[PDB]
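One chain is shown next in structure tokens, namely the form deposited in one PDB entry.
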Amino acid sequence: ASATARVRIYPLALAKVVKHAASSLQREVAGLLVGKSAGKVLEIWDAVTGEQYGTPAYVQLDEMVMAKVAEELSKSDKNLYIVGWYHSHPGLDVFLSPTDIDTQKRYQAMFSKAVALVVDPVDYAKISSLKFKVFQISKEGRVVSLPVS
């Protein structure tokens, strides 16, 4: 179906995404997911961000954030790298819009197992949890929500 079978997110990394989203209910926010693949399992070890511009319906992360992050990771002894991106959908529910899909296709072209995490901070799933999904474009071009733990 899809290049990544499932996603494992370190709880503090998820917490950082959630807190960043919850700190800006008036605009979409974005950042990068850092981690590594282990077979078909994608591990999200951390989440980082930087300079950006956003509105309720849109966000762009400055491209030099990715550049600086990749170079630091590349230099370091750690075998971690950018594995995806996150952004928020405040009050909009969780999905990939056409623009999001275009961004995500470009991530996957560079790294087949890349993922897009989308969080809506104003909502709670269902027992309760945070309202997020981790998406990937499947081999036949469809948005799929991956199993997350």
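For clarity, a rigid core is taken as the largest C-alpha set superposing within 1.5 Å between two forms. Numbers follow the displayed sequence, beginning with 1.
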Study note, to complete from the structure: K126 to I127: deposited residues not modelled, binned count -> 1 to 3
Review point. Of 89 to 97 and 29 to 37, which one has the bigger average CA B-factor?
Key: 89 to 97
Study note, to complete from the structure: With B-factors read from the PDB entry, the higher C-alpha mean of 7 to 15 and 136 to 144 is in 136 to 144
Practice item. Please pick out which of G84, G54, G50, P121 has the largest Cα B-factor as recorded in the entry. Key: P121
Check your understanding: Mind checking which third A21 falls in for C-alpha B-factor across the chain?
Key -> lowest
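Another form, the form deposited in another entry, is not on view; read the next lines as being about it.
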Check your understanding: Taking the rigid core as reference, which of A70, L92, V41, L80 is displaced at the C-alpha by at least 2 Å between this form and the one not shown?
Key -> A70
Practice item. Align on the rigid core first; then say whether the Cα of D102 has moved by at least 2 Å between this form and the one not shown. Key: no
Practice item. Check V69 against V41 at the C-alpha atoms and report closer or farther in the other form, compared with the shown form; the change is 3 Å or more. Key: farther
Exercise for review: With a shift of at least 3 angstroms, figure out whether the C-alpha spacing between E71 and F111 grows or shrinks in the other form: closer or farther?
Suggested key: farther
